[PDB]
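Step one of this worksheet: look at the structure below.
All values below were derived from every heavy atom in this structure, side-chain atoms included, with hydrogens, water molecules and symmetry-related copies excluded. In this chain, residues are counted from 1 in sequence order.
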Amino acid sequence: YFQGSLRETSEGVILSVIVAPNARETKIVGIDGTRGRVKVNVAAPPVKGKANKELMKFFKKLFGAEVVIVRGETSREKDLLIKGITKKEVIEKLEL
Ligand code: NA
């Protein structure tokens, strides 16, 4: 379940991810059940903010909403705020 990686605040949904850069394709590859994070491969090098940019691009396209990194800019563990979306909407899109 993706519910272990999401929570809904007044501003939108905080999606908790753990990234691996340099991947063949930017995509969701799993769920980390202990850390409560979605495992996301990112097809970008981890230099000059490029993995962060690609990560945000991917989720902005998926959710149709602005996505910002609220924590973990320089970590593999990142929390993304998906602005103005509900948890129900986020679950629907992640399950596509
Ligand atoms: Na980066």
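Linking ILVMFWY residues whenever their side-chain heavy atoms come closer than 4.5 Å, directly or via other members, places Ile31 and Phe58 in the same cluster. Under a hydrophobic-cluster definition in which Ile, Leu, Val, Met, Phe, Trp and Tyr are linked whenever side-chain heavy atoms come within less than 4.5 Å, directly or via other members, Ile28 and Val19 are assigned to the same cluster. The hydrophobic cluster containing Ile14 does not contain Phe63, counting ILVMFWY residues as joined when their side-chain heavy atoms lie under 4.5 angstrom apart, directly or transitively.
No side-chain heavy atom of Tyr1 sits less than 4.5 Å from a side-chain heavy atom of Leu94. Considering only heavy atoms from C-beta on, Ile18 comes within 4.5 Å of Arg35 through its side chain. You'll find the side chain of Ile82 reaches within 4.5 Å of the side chain of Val90, heavy atoms only.
Using modelled atom types, one side-chain atom of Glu89 and one backbone atom of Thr86 make a donor-acceptor pair closer than 3.5 Å.
Between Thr34 and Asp32, the shortest heavy-atom contact is N-OD1, 3.0 Å. The nearest pair of heavy atoms linking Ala44 to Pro21 is O-CB, 3.6 Å. Between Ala43 and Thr26 the shortest heavy-atom distance is N-OG1, 2.8 Å.
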Q: Could you give me the CA-CA distance, side-chain angles and deciding distance for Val40 and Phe59, then say whether side chain to side chain contact (heavy atoms under 4.5 Å, CB included) is met?
A: CA-CA 10 Å; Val40 182; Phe59 283 119; 4.0 Å; yes

Q | side chain to side chain contact (heavy atoms under 4.5 Å, CB included) between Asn41 and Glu25, worked out | A | CA-CA 7 Å; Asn41 275 5; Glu25 182 185 351; over 6 Å; no

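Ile91 meets the side chain to side chain contact (heavy atoms under 4.5 Å, CB included) test with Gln3, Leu6, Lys87, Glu95; sequence neighbours excluded.
In this structure, NZ on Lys53 lies 12.0 Å from NZ on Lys60, to the nearest 0.5 angstrom. Of the inter-residue distances, the one linking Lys93 atom NZ with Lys88 atom NZ reads 15.0 Å to the nearest 0.5 angstrom.
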Tabulate below the donor-acceptor pairs under 3.5 Å that side-chain atoms of residues 68-81 make, not counting sequence neighbours, or state none.
residue: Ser75; atom: OG; partner: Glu77; partner atom: N; Å: 3.1
residue: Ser75; atom: OG; partner: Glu77; partner atom: O; Å: 3.4
residue: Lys78; atom: NZ; partner: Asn52; partner atom: OD1; Å: 2.7
residue: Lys78; atom: NZ; partner: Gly72; partner atom: O; Å: 3.0
residue: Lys78; atom: NZ; partner: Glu73; partner atom: O; Å: 3.2
residue: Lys78; atom: NZ; partner: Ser75; partner atom: O; Å: 2.8
residue: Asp79; atom: OD1; partner: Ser16; partner atom: OG; Å: 2.8
residue: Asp79; atom: OD1; partner: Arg37; partner atom: NH1; Å: 3.0
residue: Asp79; atom: OD1; partner: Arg37; partner atom: NH2; Å: 2.9

